[PDB]
Every structure is written in structure tokens, then in C-alpha cells.
Amino acid sequence: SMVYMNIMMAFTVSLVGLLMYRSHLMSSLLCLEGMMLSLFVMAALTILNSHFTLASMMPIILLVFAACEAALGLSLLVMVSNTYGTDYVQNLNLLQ
Amino acid sequence: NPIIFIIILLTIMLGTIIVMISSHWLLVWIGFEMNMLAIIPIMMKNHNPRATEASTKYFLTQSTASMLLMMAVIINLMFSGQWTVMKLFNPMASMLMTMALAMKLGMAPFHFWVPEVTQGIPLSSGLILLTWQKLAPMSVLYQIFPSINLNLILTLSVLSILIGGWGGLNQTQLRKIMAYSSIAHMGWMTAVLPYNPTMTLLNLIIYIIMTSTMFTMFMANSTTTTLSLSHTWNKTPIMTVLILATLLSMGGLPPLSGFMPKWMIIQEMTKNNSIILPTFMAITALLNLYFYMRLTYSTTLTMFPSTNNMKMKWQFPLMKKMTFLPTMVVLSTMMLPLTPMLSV
Amino acid sequence: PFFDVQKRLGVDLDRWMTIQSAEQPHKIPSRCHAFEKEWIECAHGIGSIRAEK
Amino acid sequence: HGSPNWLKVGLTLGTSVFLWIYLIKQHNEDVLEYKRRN
Amino acid sequence: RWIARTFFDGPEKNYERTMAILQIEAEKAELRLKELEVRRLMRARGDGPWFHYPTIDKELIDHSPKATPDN
Amino acid sequence: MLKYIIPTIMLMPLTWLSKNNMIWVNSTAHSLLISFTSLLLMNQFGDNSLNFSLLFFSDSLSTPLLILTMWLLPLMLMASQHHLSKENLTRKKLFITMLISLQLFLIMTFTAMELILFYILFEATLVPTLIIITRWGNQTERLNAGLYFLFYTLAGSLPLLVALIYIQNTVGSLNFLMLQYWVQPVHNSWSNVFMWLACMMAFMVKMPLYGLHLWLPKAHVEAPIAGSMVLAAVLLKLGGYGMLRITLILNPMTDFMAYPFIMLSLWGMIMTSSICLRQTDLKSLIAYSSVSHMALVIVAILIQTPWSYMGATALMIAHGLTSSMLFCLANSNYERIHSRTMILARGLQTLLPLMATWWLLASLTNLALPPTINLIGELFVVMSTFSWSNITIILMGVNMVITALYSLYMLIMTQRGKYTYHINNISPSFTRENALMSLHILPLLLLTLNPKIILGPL
Amino acid sequence: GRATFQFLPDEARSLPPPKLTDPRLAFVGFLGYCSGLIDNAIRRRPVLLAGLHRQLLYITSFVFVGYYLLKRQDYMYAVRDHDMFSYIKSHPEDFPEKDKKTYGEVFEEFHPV
Amino acid sequence: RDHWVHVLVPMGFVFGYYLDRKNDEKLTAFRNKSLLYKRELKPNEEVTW
Amino acid sequence: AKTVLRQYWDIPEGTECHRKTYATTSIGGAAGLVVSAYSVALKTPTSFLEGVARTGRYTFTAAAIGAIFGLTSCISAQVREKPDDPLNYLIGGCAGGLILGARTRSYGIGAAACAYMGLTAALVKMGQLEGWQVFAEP
């Protein structure tokens, strides 16, 4: 119903201009963990009314990697501030 | 450190098996999730501040390219609820599928994943490990194959060699020259995938061999093209003759065996009354050869071995499985009447 | 490529949690259980290219 | 004098004779397995 | 006189050799029109197992009296 | 070829297998012995036809052309030894092996039994030639000329594969030229232009038109040790003959668009020989002679109906022997004066009297003095394109005029004197210098007795 | 095409087998014969007739593997034609019988120069 | 020594001529032709195959 | 989309010279937006009202080309002999290309804009004239 349009409008918390930009890179890793619960909820509304009885273990497992994923990504974001003190995505040295 | 370096390295290929051994979209999500978890240490090993500022440019590019895939699963969860790996039953899903997965294999859009990582990682040693990540999603496009829009998979592939070609004539750093022409050899195989999706794997198995044998040749000292001069008269002059043979083979010249794919792959591209499509690409990989000529014009013509430094000692690296690579990567063109009946 | 190890040696790595009508631990079906079993009955030996039409 | 390692020198000479005799017995069987089947 | 029969043949070998390696071709160049008749154009049937795409296996379905009287 | 390729590959593990400086005498000894065996089974009869063994040979039946391909490895080793003998034996063993490796693929070429066996062997060259161009030259403009030799030959030859694979799955299979009995004609369309044009244009890039000849005075000007692949590159140019195999059949009825290939190559003929009389580099003087009366065959193939194939075949091996020797006349007389500038070599004809005959009997074959293999070739072309239109005697006649004033201008520059300089130039044209300058005119005027061996089907 | 995930299935018994002294099997390993000579040439041997025990077991490798590889290559063409001829045998409406007409029927172009 | 480098290598001719004969002994399809080319009654068109 | 071509290739065919060049400036006008969007993204930030990409003249150029690109054809389609031909539609190549020749001055660009555009001009209508199909299936 309208309970899916909101929330499919709320999947646009990626929006890629604000998925790596601008600086204070913690603001970009924020919406990477906040892009979940637009997948954790959008799955949970579908498994639950339509009684699948078995696929509802999948929303439990959906958090378990994305927590461990983002925790890894947060380890490296200390290493960019361990060498500097500021994350500041307009750091660029290795050209392309 | 030594034992845990295997267990990290072992699970990289264990991540990609579950991608292939699966009948269920949840397991192919886990499959190259943990590959993006177990590559990040290999980027690091000597802790240099470009490498830390390179894997983090590697990282989030393969976090979103992960994340759109799970979006593509949950759309056709709503439509008919089957989770076998097959056609995706929705054009709004398959469109979001193919150009999500085009970042991990990086095509011509989703551009600078390929040069900005591979350049300047102080681990130039290998980084042959970037052949698994070209191998996992190709094992996903073998099944999804009869559900695509046929325009997007070509438009990412017609742009592939036209922009992977031009990108590297303006280079010296031979890691970038290996990083370039790695989009180009992803251009020939996905231009064919809608038409008879085997005789795609023929191009891939050739591409693993010819690229793996290129890096093993590079592991004496070689960093830059000017350093590729100063080992003919110093290290071994037989190395200069070998490094000529593979490049001239990888350009696609018919006395060698990099002409083995194209010769066969046009047997499939026409026979389907599509003629203006191969004639564009076949003339496009011609200035993919002007990398290699003008690279062979460095080492094979004695271009200035100055700064007298003698290597009066022998060499003891490990050139593992090297004696059998330029004997199946050059001389196989007569001996393959059917490689495409073993692999088929 | 799709090796399909789990068809050779008879373990189910997954498979059970794939379609809407498979096992049901205490036998409580879905809302469209009657049409899953009916539709899978249609295309079994059919090679799915004629099943679409 | 000669000084090899004297350990593996012969393993290469012992693997082939293992391989060839396994090959020829697999070949001399399969040369008859055609007529045994056809 | 002693050049021909000492070295080579006449019109009994290199004639009816062209009858012999032109009957290896009329069974080569007629089948390549029948691969492309069947392979390229199977088409809408998918009958022979070349274009055969998998769907689902109906062996794993259940027939137990599952506890809902109206499923 | 039953086994001509099989002995000439056995030449290759003989060179490195040998001793020290014996490597010159061991290779040239056995390489002459094939010339009996090359003649031996070939030149048989003869009336429709000699299919030879299998899918590997149609014996080069009506176009012999292949005995000349086998003179050269025992002709170039005696020529190359002038300034090569300062390098290592490990590279002197290389330069003999790739030269044999060039003769290997030419032997399965010209016979080839097919059209797709032709192409992969038509392109199996250009790798061992390019190694002789880039390494082993002189000072620079090797490297761009190493790239101009590519990218004309390779840009054109890739639309062969698009068209030859297109025929293989359209009408039966191309695998035999004798399964070409069933041939549907090719009418006037907008796709059948390109089928004709892409199949033809890759042959034009080797035997040049007036356009796209821009690579031909690049590789021949800057050139190896003593014409050592330049003798090979003149055969390789006339080894793009395969237009005789294709266009006789396989779109037979398209003369409708021959005209931009006629007029470009018939007016270009009268100009590209005229543009050479002011040359100052001696090896570039010959390099434009090779443009002009090679391009006379291009108006001799496209005009069909023999009395031209009588002559168009005889012209392929007319200057196969002439233009080879002229390069050998210039690969000599450069070992003594270290410039190829034609101004500098004056004061001659007194110092080296025995080679005055070698200048003239070279340049008397372009004047061509009718009982040779030359004016039995041109006077069939002249009497052919007369019957196309009468007006073509004018341009082709002025072709005969200017090349008379052109060939003598290279002779008469040596008939002067007083020499002004040159404490060097002592060597009185030694026994090798006349031996490899012989075996050119010795078969060239010999075959004029019974030249029925040099004829097409026809 | 059935009996999935085999290297080569059971039903390949009635194929010849591809016995030896075929020139491919001579050629497979001839490149290995070339490869072992390279194996010395990389390392500044400086022999080029070095240790034969390294120069052997390359010959043993390619020939054994290449033989065991070719048993499925000849199978896969044998299973290719086996399924085509059956679909030729059924459906005669897709395979008509052409009429035999000699050169008394055709009036071709006729284009002389 | 006995110089296998020398004239033993042109002895590959008959070695190559041995393989030259093995094709025509399996290219033995037609004794049935009509242009002399007969193989009519005689032991002439049978021999040299 | 493809239906723009289904109103381009369908109705006019040489005649009706206003609706021909009204629709054939839509496509070439639209591609000026595509070259504008990467020239503000792949190129760094321009002035205060992006897209203000560096030299400008982008959509100023592209729609002007497709404005004449029917007009050079549909005039010369009917006035000569009344088909549409490969030599008819060849004429729209050169002077159609010379818009890029007129701006950003010629003598090294403009004739090269004239020459190569005339090559790719006539082949398009030649394509359906032989029935050419680029992205096909068996």
C-alpha cells in the first residue's frame, strides 16, 4: 500500500552525492549504516504478513554482517585520522 | 603473522565458492560480502599512508556495490517469492541488478575503481588476487543471463574498450598500464554474453593465464617504464626476450595465442547477423596495442643502460608456476580445436 | 559457473528456505500456498523458454 | 665428485613409472572397453 | 621416358584424389547449414536440450495435511 | 607440400647445434639442397588440375611462384655477413633462425588450400619482419617506421575476418577453392559494395595504390644489415597475390566500381615514378621504382580476361629478381663509402671495373630489351588494356618514357671521375661481392628460352 | 546432456578411445619439451642440457593430462551430433526434401564482360 | 664424431616422405570414375595407391 | 526514447520540412544536456549557478546542429527529383557539421568536422535501406 511507497522513498538515504561527500567522512559512513533499516524494514514488512514461517530468520542475519561490515569500515576511518587528526574527504594524493 | 596470513588468504577463495555453490539469493549475498571483508588486510601489510588512503577508496566503492544487490533481491522477493538464482521477473530489478554488479567488475562507467586502487599499493607483489574479484560476479552473470535489457549490457561494454583504450596512452606507471587494458579485456567478454554465454569463459581462462604470467615477470625489481630499461644488460637478457613474447601474444597477433579468443568469438558474434558491432570493437583494440608496442620499444632495443651498477650475484626469488605459463599462453593456437568442448 | 556440487552428493546446503511451500516446521502454510504448488506443477520438465508463453 | 640432494632425485624417476604404468593399464583396459561395450 | 614412372603419377591418382577429398567436403559443408538451421533457430520451442533453461524442481514439494483447512 | 616444410624446419636445430664460426658454412650448405627437392615433385601436369594431398596443399598449381621463395635463405646469409660480424654468436644464431621462421610460413602460404588458412598465414608474418626492422638497423627513424609498417597492414586485414567468416556460414564453407563450383553472383546493392570493398582493401595496403603507399619508403629506406629483410620485403609485397585467388571468383561480376581503383592506380603510375628523379638517397631511389611497375599489376588484375594473366603473372617475378639485385647493388657499395647519398659515390667506374656489367645488366632489364622476362610481361599488359579502351596507350606509353630516363640516371652518376677524396674504397669487389650479385641474372635470362614455366592457367 | 557434474560421464564407453601416436599428443608435451628447456634458461643454469630429472616429468605431465583431457573433447562432439540428428529425425516439416534439378532449368544472369 | 649435425638432417626428406605416403593410403575412396580414371578390369588403376 | 525515432523515421520521409527539423532538433538538443552534466561533475565546480561549465557553449552548440540537420535534408529531398537517397542525405553531413566548424574557429577543425560527419551521415539512412540491425538476436 502506501506503507511501501513510504518507505521506498526512504531508501533514498544513499543519495550518492551524500554517500561520500562532503567532508567529515563520518557523515558519509553515517548513511551507510543508516541505509540499513530501509532494507531491514522493507524485508520485514513482506515476510510477516505473508506467512512464510522460515524466511524471517533472514532479517536477523541481515544485521549481523552489516554491523561487522561497518565496524571494519570504522576501523580504517580511525587510521585516516590517526595519520592526520581530521578525516576531510578532500584529502587526495593517489591520483587516477 | 605467518599462519594467520594463510587463513585470511584461504577464505578469499572460500568466499567465492559459496557464490557458485548456491541456489538461494541470501547465500550469494554472504559470498562476496566476506570477500570485501577479507581483502582489506592484504592491502595493508607494510602500513604506508598511501595504502591506507587507497583501501578506503577501495572499501566504500565495494560497500555500495554490495548494497544495491540486496536491494535487487528484495524487489523480486515481492514478485512471486522464488529465491532460486534465475531470471529476475521484473525489469525494475534486473536494471538495478546489472549496473550494480558492474562496479565490482568495474566497467567503463563506475570508472576509477581500477586505477586508483592498483596504483601505488606498495604491495605490487600481488594483487594477482584481483583476479578472484573478476571471477566471482562472472559466475553470477552465467545464470541471470536470460533476463537483461540487451542495451545496457552492450552500452557498458561498447564504452568499455573505447575508454579503457584511451585511458592509458598517457601513462608511465606500469601498474596502471596493467590496471588499464583490464577494463578492455572485460569489454570483449560481456559484449558476447547475450549471444551464446559460453565462449565467454574461453576469454576468461585465457585472461587469467596471460595476466598472472605478466606479474611474475615483473617481480624482479620493476616499478616504472624507465626501470624496465635497466634490466636487459644487467639482470638477464633472456628476460627481455620473454617479456616481448607475452605482450605480443596479449595484443592478439595470430602467430600467438591471444588471437585464439577473437577468432572464435566473432564466429559467434556474426552468425547472428550483427556485423557493425564487431567491426567497431575489432578496430578499437588496435590502439590497445599501442600500449604494448612503445613498451617493447623500451626493453628490446638497449635504450640507455646507464648508472653502472653490477648485479654480480644470482637471483633467488620464487617464480612459482612460471616455467609452464609462456608455453600455454603462446603456443596453444594450434592445440585448441576444442578447448570450447571441454569448457562447454 | 554453476558447479552444482549439492546435486551430486545429497546434502542440502540450503534449498529448504527457497520457495513459499517447502517444509513449514509445524505445517502452517502461507496465504498463497495453493497457487505455489499449482504453478510449480506447470513448468517442471518444460525448459522455461516455452513456459513463459 | 657429485653432490646433489639425493632425496628427490629419483622421485621424478619414480613418479613417471607410477604415472605411465597407471596410464598404460588405463589405456590397455580402455582399448578393450570399447569392444566390451560396443 | 625415365622421369615420369621413376618419380610421380598420372591421371589415375591426382584424378580421383580430387574425387576423394571432395567427398570429405560435401559432408562437411552441408552440416554447417544444418547446425545454423537448428542451433540458431530452434527457437520458440526450446525442444532439444540446447536452449533448455531450468525452472524449479517439483520433487521437494510437500503433501502432508498441513494444519490450515483453507490454504 | 608433402615435406618441404619438414626439412626446412630441420634446418633450425642445426644452427645453434653447430660449433663456432662454422655456423655460416653449415647453414648455407644444406639450404641449397632444398632447391632440387623444391623443383622435384612440383612442375607436374597440368590440365585441370593438381590438387595435391589434403587440406594443406593445392600445390600452387597454375601459379608456381614458390621456387623463388626458396633461393633466398641461401642468398641472404652470404649477403648479410658484411656488417653483422661484430655482434655476439648468441644473437647471430637468432638472426638466422627467425629468417628461416619467415620462410616456414611463406611455404604453407601461396598454396594454402583454403581462404581462411591463407589469412592466418597471411598475418603469421609481420612479427618476424618487425624484429628485423627495429633491431638491426642504423640511426633513428627506425621506431616510427616500425609502427608505420604496422597499422596499415593490420588495420586493413581485420575486415577480412569479418567477411571471410561471413562467407563460411553463408554459402556452404570456404574451406576448399574446389568447393567453389557453386557460387551465387553478387549484384548491385548497398551491402554488397562493402563485401567487395572490405575483402579487397586489405590487399591494396601491401601492394600499394598511389594513396596509402606512405609506409613503403619508410621500411625500405631505414633497413637492415645489407638488405637482409629488404630482399624478403619485396617478395612479401608480391606475396599479397591472393587477389588472384579471390577476385577471379567470389563476387565475379563487380567491375561497376573498379573505376576508382583503375584511375587512381593508372594516373598514380605515371606520377609516382616521375616523383623519384630528384631523389638524393640511393636506397630511396629504388624504393619508388618498386611502387610504379608493381602498381601496373593492379590495373592488370581488375581488368580480367587473359592475355593479361599471361603478363600479370610474369610481372610478379619480373622484378622479383630485378629489384632484389638492385637492393644488392646498393647493399654493396655502402660498405666502402658509409653514406647512401648518391652525390658522394662519384669518381667510380675506374676503380671497380668488374661490377660495371652488374650495374648495366640490372638497369638493362628496366629498359627491358625485349627477349627477357620483362618485355614479355609488359607487352601482354599493353595489348590487354588496349582492348579496354584505346586511350590507355598514352599514359602507359609515357610510363615507358620516363623510366628510361630514370634508370640511366642511376647508371650515369657513376661515369664521372677525379674522385677528389677517398683514401678508402680500396676493396676490389671480392669473390663474395660478385657471387651474391650473380645467381640473379643467371636465372633471369635463362628462363627466357622456354618461359612456358612462367604462365598462369591461363 | 543429463547426469550433471562429472568430469566425463559413464556413457563415454562406446567412444573409440583416442589412442596414442596422434600428433596432438605428440605436440602436447612438445611444448612441455620446450618448457623444460625454458625452466633452465630462466635461472642462469648455464647448461641448456641441465639436470634431466627436471627436464623429465614435464614430458610425463602434459601427455598424461592431455590424454585424460581429450577423452571428453571427443565425447562432447559425439553428444552434440547425437541430439541434432534426433531433432532432424522428428519434425519433417522443418526439413523438406529438395527437388533434384539439372542444368536445364536455370537461366542465370548472363553477364559477360 | 660421425656428424649428425651434417647430412643426417637432409635425411629427414625420406622421413618426411614416409608421412607423405600415409595419407593417400587412406584416401582410397573411388575406383569408380569415367575419365581414364577407369579401374575397369585391370591391375593398373589399382596399383600405385 | 525509441518512439521519438518512431515519429522521426515514420511520417515525413523528405517532405514536410518543418516537422522534420522540429523533431530532429529534439534528439541532438537533448544530448547537449548529457555533455553538460558530466562537464559539471567530472570537471570541478564552476561559477555560482552550476551548470556553468568552463567554456560554456555546450547546449548552445548541440541543438543548433539538429536544427539544420533535417533542414538541409528536407529542402534538398524534394527540390531535386523527389526520393530520399544516400546522396540526398549526404548533404546534411558537411554543413550540418560546420556549426561546430563555425564556432571554435576552423582551418584544422571545421573541414575535419565537415569531412568525417559526411561519412557518418549517409550510412544511417543507408542502414534501413539495406535493413541493417545493430543490436539483434537470432
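So basically every Cβ, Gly included, is an ideal-geometry build from the backbone, and we count neighbours across all protein chains shown. Every read-out reported here was derived from the displayed coordinates using simple, explicitly stated rules and does not represent laboratory data.
Which pairs have Cβ atoms under 7 Å, sit 6 or more apart or on different chains, and link a residue in region I:111-138 that is within 14 Å of chain E (Cβ to nearest Cβ) to one that is surrounded by fewer than 12 Cβ atoms within 10 Å (Cβ to Cβ) and assigned to a loop (DSSP other than H, G, I, E, B)?
Note: pairs meeting the criteria are I:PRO138/E:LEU41.
What pairs come up if the first residue lies in region B:96-109 and is buried (at least 21 other Cβ atoms within 10 Å of the Cβ), the second is of a type in the set (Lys, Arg) and part of a loop (DSSP other than H, G, I, E, B), and their beta carbons are under 7 Å apart, counting only those six or more places apart or on different chains?
From region B:96-109, the pairs are B:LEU105/B:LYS134.
Residues are listed down the side, and each one gets a yes or a no for (1) of a type outside the set (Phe, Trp, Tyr); (2) outside any helix (DSSP H, G or I):
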| residue | (1), (2) |
| --- | --- |
| B:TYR207 | no, no |
| B:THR211 | yes, no |
| B:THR216 | yes, no |
| B:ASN221 | yes, yes |
| B:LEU256 | yes, yes |
| B:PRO261 | yes, no |
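Pull out all pairs, ordered by first then second residue, where Cβ-Cβ is under 7 Å, the residues are six or more apart or on different chains, the first lies in region F:143-164 and is more than 7 Å from chain B (Cβ to nearest Cβ), and the second is among the polar types (S, T, N, Q).
Close Cβ pairs (under 7 Å, with a partner that is among the polar types (S, T, N, Q)) amount to F:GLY146/F:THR134.
Conditions tested, residue by residue: (1) more than 14 Å from chain C (Cβ to nearest Cβ); (2) under 30 Å from A:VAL80 (Cα atoms).
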| residue | (1), (2) |
| --- | --- |
| A:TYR4 | yes, no |
| A:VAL13 | yes, yes |
| A:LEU25 | yes, yes |
| A:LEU29 | yes, yes |
| A:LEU39 | yes, yes |
| A:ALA43 | no, no |
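Restricting attention to region F:238-270, which residues are out of contact with any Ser or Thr (no Cβ under 8 Å at 6 or more places or on another chain), over 20 Å from F:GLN168 (Cα atoms) and in a helix (DSSP H, G or I)?
F:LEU238, F:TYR259, F:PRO260, F:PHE261, F:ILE262, F:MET263, F:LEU264, F:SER265, F:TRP267, F:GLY268, F:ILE270
I'm trying to understand the selection: among the residues of region C:2-53, which are basic (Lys, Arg) and either more than 13 Å from B:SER22 (Cβ to Cβ) or assigned to a helix (DSSP H, G or I) (or both)?
C:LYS7, C:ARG8, C:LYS27, C:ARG31, C:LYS37, C:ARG50, C:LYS53
Of all residues in region H:12-35, which are more than 13 Å from the chain's Cα centre (by Cα) and loosely packed, with under 12 Cβ neighbours inside 10 Å?
H:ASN32, H:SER34, H:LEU35
Output the number of the condition that A:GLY85 fails; it satisfies all remaining conditions of (1) surrounded by 12 or more Cβ atoms within 10 Å (Cβ to Cβ); (2) away from chain B (no Cβ under 11 Å).
With (1) surrounded by 12 or more Cβ atoms within 10 Å (Cβ to Cβ); (2) away from chain B (no Cβ under 11 Å) applied to A:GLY85, the lone miss is (1).
Go through region B:52-91 and give me each residue that's more than 9 Å from every other protein chain (Cβ to nearest Cβ), out of contact with any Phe, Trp or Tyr (no Cβ under 9 Å at 6 or more places or on another chain) and either β-branched (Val, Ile, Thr) or outside any helix (DSSP H, G or I) (or both).
B:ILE75
Can you pull out every residue in region G:26-70 that is within 28 Å of G:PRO9 (Cβ to Cβ), β-branched (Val, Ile, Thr) and loosely packed, with under 15 Cβ neighbours inside 10 Å?
If the condition is that a residue be within 28 Å of G:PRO9 (Cβ to Cβ), β-branched (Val, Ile, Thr) and loosely packed, with under 15 Cβ neighbours inside 10 Å, then G:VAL65 is the only one that fits.
Could you tell me which of the residues B:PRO326, B:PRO255 is away from chain G (no Cβ under 14 Å), surrounded by 19 or more Cβ atoms within 10 Å (Cβ to Cβ) and more than 30 Å from I:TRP132 (Cβ to Cβ)?
So the residue among B:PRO326, B:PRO255 that is away from chain G (no Cβ under 14 Å), surrounded by 19 or more Cβ atoms within 10 Å (Cβ to Cβ) and more than 30 Å from I:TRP132 (Cβ to Cβ) is B:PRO255.
Of the residues B:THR64, B:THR16, which single one is within 20 Å of the chain's Cα centre (by Cα) and either without any contact (Cβ under 8 Å) to a residue 40 or more places away in the chain or buried (at least 18 other Cβ atoms within 10 Å of the Cβ) (or both)?
Residue meeting the stated conditions: B:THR16.
Output yes when any residue across region A:3-19 is of a type in the set (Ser, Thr, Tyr), at negative phi and within 12 Å of the chain's Cα centre (by Cα), and no when none is.
Yes, there is a match, as at least one residue in region A:3-19 is of a type in the set (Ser, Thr, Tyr), at negative phi and within 12 Å of the chain's Cα centre (by Cα).
Within region B:52-61, how many residues turn out to be small (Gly, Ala, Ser) and buried (at least 20 other Cβ atoms within 10 Å of the Cβ)?
Summing the residues that are small (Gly, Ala, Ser) and buried (at least 20 other Cβ atoms within 10 Å of the Cβ) in region B:52-61 gives 1.
Tell me, which helices (runs of 4 or more DSSP H) wholly within region B:113-195 include 1 or more residues that are hydroxyl-bearing (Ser, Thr, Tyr) and more than 11 Å from the chain's Cα centre (by Cα)?
Per the criteria, B:113-118, B:152-166, B:187-190.
Within the group F:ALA312, F:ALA258, which residue is over 21 Å from the mean Cα position of the chain (by Cα) and within 19 Å of F:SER389 (Cα to Cα)?
Residue meeting the stated conditions: F:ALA258.
Looking at region F:335-384 only, could you name the residues that are over 16 Å from F:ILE412 (Cβ atoms) and not in a loop (DSSP other than H, G, I, E, B)?
Across region F:335-384, the qualifying residues are F:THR341, F:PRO353, F:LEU354, F:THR365, F:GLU378, F:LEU379, F:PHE380, F:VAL381, F:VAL382, F:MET383, F:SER384.
Output the residues belonging to region I:69-126 that are of a type in the set (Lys, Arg), under 26 Å from I:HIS18 (Cβ atoms) and assigned to a loop (DSSP other than H, G, I, E, B).
If the condition is that a residue be of a type in the set (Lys, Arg), under 26 Å from I:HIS18 (Cβ atoms) and assigned to a loop (DSSP other than H, G, I, E, B), then I:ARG80, I:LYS82, I:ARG103 are the ones that fit.
Going by the structure shown, is B:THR172 β-branched (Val, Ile, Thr), out of contact with any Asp or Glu (no Cβ under 7 Å at 6 or more places or on another chain), at negative phi and away from chain F (no Cβ under 14 Å)?
So B:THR172 passes the test.
Only one residue in A:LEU74, A:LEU54 is of a type outside the set (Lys, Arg) and free of Cβ contacts under 8 Å to residues at least 40 places away in the same chain. Which one?
Within the list A:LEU74, A:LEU54, the selection yields A:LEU54.
Output the residues belonging to region B:159-190 that are closer than 26 Å to B:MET95 by Cβ and surrounded by 19 or more Cβ atoms within 10 Å (Cβ to Cβ).
Residues satisfying the conditions are B:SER160, B:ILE161, B:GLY164, B:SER182, B:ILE183, B:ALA184, B:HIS185, B:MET186, B:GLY187, B:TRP188, B:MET189, B:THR190.
Before we move on, is H:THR48 in contact (Cβ under 8 Å) with a residue 12 or more places away in the chain, surrounded by fewer than 13 Cβ atoms within 10 Å (Cβ to Cβ) and either facing another protein chain (nearest Cβ under 7 Å) or in a loop (DSSP other than H, G, I, E, B) (or both)?
No: the conditions fail for H:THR48.
Considering only residues that are exposed (fewer than 13 other Cβ atoms within 10 Å of the Cβ) and among the basic types (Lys, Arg), which ones fall in region I:81-133?
I:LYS82, I:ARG105
Yes/no matrix, rows are residues, columns are (1) among the charged types (D, E, K, R); (2) touching a residue at least 24 places away in the same chain (Cβ under 8 Å); (3) within 30 Å of F:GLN139 (Cβ to Cβ):
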{"site": "F:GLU335", "(1), (2), (3)": "yes, yes, yes"}
{"site": "F:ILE343", "(1), (2), (3)": "no, yes, yes"}
{"site": "F:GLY347", "(1), (2), (3)": "no, yes, yes"}
{"site": "F:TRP358", "(1), (2), (3)": "no, yes, yes"}
{"site": "F:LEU375", "(1), (2), (3)": "no, no, no"}
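Can you tell me which residues in region E:7-50 are loosely packed, with under 13 Cβ neighbours inside 10 Å, over 18 Å from F:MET178 (Cα atoms) and within 11 Å of chain F (Cβ to nearest Cβ)?
E:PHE7
Any residue at all in region B:20-40 that's closer than 29 Å to C:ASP14 by Cα, within 14 Å of chain C (Cβ to nearest Cβ) and polar (S, T, N, Q)?
yes
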